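Down below is the structure, laid out as structure tokens.
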There are 2 protein chains.
Amino acid sequence: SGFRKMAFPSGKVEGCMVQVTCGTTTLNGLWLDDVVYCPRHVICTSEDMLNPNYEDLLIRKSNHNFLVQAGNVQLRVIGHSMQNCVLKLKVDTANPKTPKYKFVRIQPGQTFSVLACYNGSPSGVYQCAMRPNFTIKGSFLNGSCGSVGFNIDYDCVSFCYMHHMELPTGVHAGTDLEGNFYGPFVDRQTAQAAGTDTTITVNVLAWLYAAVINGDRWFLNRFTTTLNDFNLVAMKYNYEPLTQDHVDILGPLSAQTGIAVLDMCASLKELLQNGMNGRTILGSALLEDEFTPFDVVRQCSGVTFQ
Amino acid sequence: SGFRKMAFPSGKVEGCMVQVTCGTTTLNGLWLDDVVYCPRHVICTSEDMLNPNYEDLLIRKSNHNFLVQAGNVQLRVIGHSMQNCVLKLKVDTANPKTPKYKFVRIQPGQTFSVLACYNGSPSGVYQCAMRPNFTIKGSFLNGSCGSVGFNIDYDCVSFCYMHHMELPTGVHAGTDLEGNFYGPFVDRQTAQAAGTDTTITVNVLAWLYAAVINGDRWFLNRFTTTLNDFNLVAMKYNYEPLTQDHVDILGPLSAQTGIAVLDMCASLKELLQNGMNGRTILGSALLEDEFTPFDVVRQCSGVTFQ
Ligand SMILES: *C(=N)[C@H](C[C@@H]1CCCNC1=O)NC(=O)[C@@H]1[C@@H]2[C@H](CN1C(=O)[C@@H](NC(=O)C(F)F)C(C)(C)C)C2(C)C
Ligand SMILES: *C(=N)[C@H](C[C@@H]1CCCNC1=O)NC(=O)[C@@H]1[C@@H]2[C@H](CN1C(=O)[C@@H](NC(=O)C(F)F)C(C)(C)C)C2(C)C
């Protein structure tokens, strides 16, 4: 037992990070087979980033201007192109550590691990959720751009996020690996604001099931509710609507505990209307919404990857 | 900016996990050069674990009774011995992925990452602290024994924990890599209780400094305090005494923010006596004590390992 904010093992991704330098700008790149993916603003000077024309800036660069190092070994660049906000550098050496992988575009509410990197070397790994406003609550410093977020499924790494920028209240924005931003953000140094966030209701329910499985049951009440009634309450507290799709995904946890999804909605409704009254759930004094139903199943059943 | 419960990258340790089977019991082992380290109760049947005589049980085993697999490849065992609560299996093949490593015995209040594993394959990584009562608040299921905890420093992995058992309230107990238990616990299935926990005061202060660096400053008051006076208050709230050694270790964060350690003690004292009043610090509604001063420095300065 016990329940922790668990990240995926990072080894498969650590084998793919490299450092990319153009001029005096250095950030991280992702080396898969014979291509290096990195944020396109590696081609910017400081001044360029206020209002860059990336297509213009790239026209003036040639292969040899990109310095790619895997550890201390330089990888010779033999071609380059831009796909939305990501640069693709073809190199003359395939990465022998390339895992089975996919590029995926994740949906708001889904979680992934981030391997935070500087100068092509990993600093740490942590779990994140794509918020409903298309930001993530990460931990990123200068030089962390090109760090990636991923999920693993058996042996296959699904890369879902590349880090690009930080937004006013210390939240973070980035792209999928085809260079398309999550949310309405652009890679330009100008005032930009995320929309209002909302709580990922299906994830809060998943976490309450994790609590019950770990023996933390005080919040369970004797009532049930309709889907419609619950969603009326949730709206008032800035919770996402719960859909039948979400109910179906919660099915495995419901069947494990014997607690119907709508009964656990009645318990959540009481928590939202009355608060938790100085009490904790799974050691937390706030309701947690960064575990998906699949994350709870994985952790409570011991799913592995190797 | 941002501040997250960050784990070390696990790749160096993932290369060392193997599965060890004796009879019908399977758990995880750690393969470094030509030795596999694993918990000694792999030699137990279910019934043996109520009151085992490990020296007796081991006398009746020979090398070939230990089935060691690195992935699907069996590693031939050519010798075996017991060192306290750990078994050391010599194998006829050195692990080519062995990192630079040390075995260390950590002190209460220090943190480490856990690579949770089943059948020799990694499930996830998370950060933990050795509590003052010599337990850790982990996430471990049946089959996770032999999972290890570690720190990294540049290129050197310090292994500090091997997982052995779970204690009444869902907390966890284990050994260092020389087989010596942290705390008064034994590897026998009998009722055992951890002592009362206490809050790691130096770590709470480190985390308040992390808050200030991230711009969360509401709790800073205009006062100072003596070390002696602060420790009188902390005792009442079950906080560890703060020593001059702890003050010295907080020096780098103090110098970075310009906030003397004793001034931040005055702010913590007010939080303990008055509570946080519905407010959060770094997104938390409780004071957090699982970041050491070094963890804060590492994360806020972007220290890497590769
Ligand atoms: C890439 N290494 C950095 C990562 C930042 C750096 C600041 C701290 N936290 C991070 O995640 N990315 C950039 O610096 C990025 C680049 C330039 C400006 N920029 C920003 O993140 C800026 N954000 C905005 O201007 C916007 F969000 F208001 C700030 C945080 C002001 C530097 C470009 C090319 C968008
Ligand atoms: C090793 N794979 C397991 C890990 C456990 C299993 C239960 C769930 N969480 C874990 O960490 N270790 C054991 O099973 C261990 C072994 C046997 C009994 N034991 C325990 O952990 C037991 N604990 C106690 O008996 C004591 F703490 F009260 C329980 C949790 C009751 C199985 C030995 C050889 C100590």
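For chain B, we keep the numbers from Swiss-Prot: what you see runs 3264-3569, in order.
Method reported for this entry: X-ray crystallography, 2.0 Å.
For all residues, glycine too, the Cβ spot is worked out from N, Cα and C.
Quick look at what Swiss-Prot annotates:
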- B:3264-3569: domain 'Peptidase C30' (DOMAIN)
- B:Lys3268: ubiquitin cross-link (CROSSLNK)
- B:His3304: active site, for 3CL-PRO activity (ACT_SITE)
- B:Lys3353: ubiquitin cross-link (CROSSLNK)
- B:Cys3408: active site, nucleophile (ACT_SITE)
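Known features from Swiss-Prot, placed on the structure.
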| residue | record | DSSP class |
| --- | --- | --- |
| B:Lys3268 | ubiquitin cross-link | coil |
| B:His3304 | active site, for 3CL-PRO activity | helix |
| B:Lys3353 | ubiquitin cross-link | strand |
| B:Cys3408 | active site, nucleophile | coil |
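Burial estimate for the recorded positions (B:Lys3268, B:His3304, B:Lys3353): highest at B:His3304, by number of other CB atoms within 10 Å. For B:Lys3268 (ubiquitin cross-link), the nearest neighbour among the recorded positions B:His3304, B:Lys3353, B:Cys3408, judged by Cα separation, is B:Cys3408. The subset of recorded positions B:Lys3268, B:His3304, B:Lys3353, B:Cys3408 lying near chain A, with Cβ atoms under 8 Å apart, consists of B:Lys3268. A 10 Å cutoff on Cβ-Cβ distances gives B:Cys3408 (active site, nucleophile) a total of 25 other Cβ atoms nearby, all chains included. Taking only the Cα positions, the spacing between B:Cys3408 (active site, nucleophile) and B:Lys3353 (ubiquitin cross-link) is 19 angstrom. Cα of B:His3304 (active site, for 3CL-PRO activity) to Cα of B:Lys3353 (ubiquitin cross-link): a distance of 17 Å.
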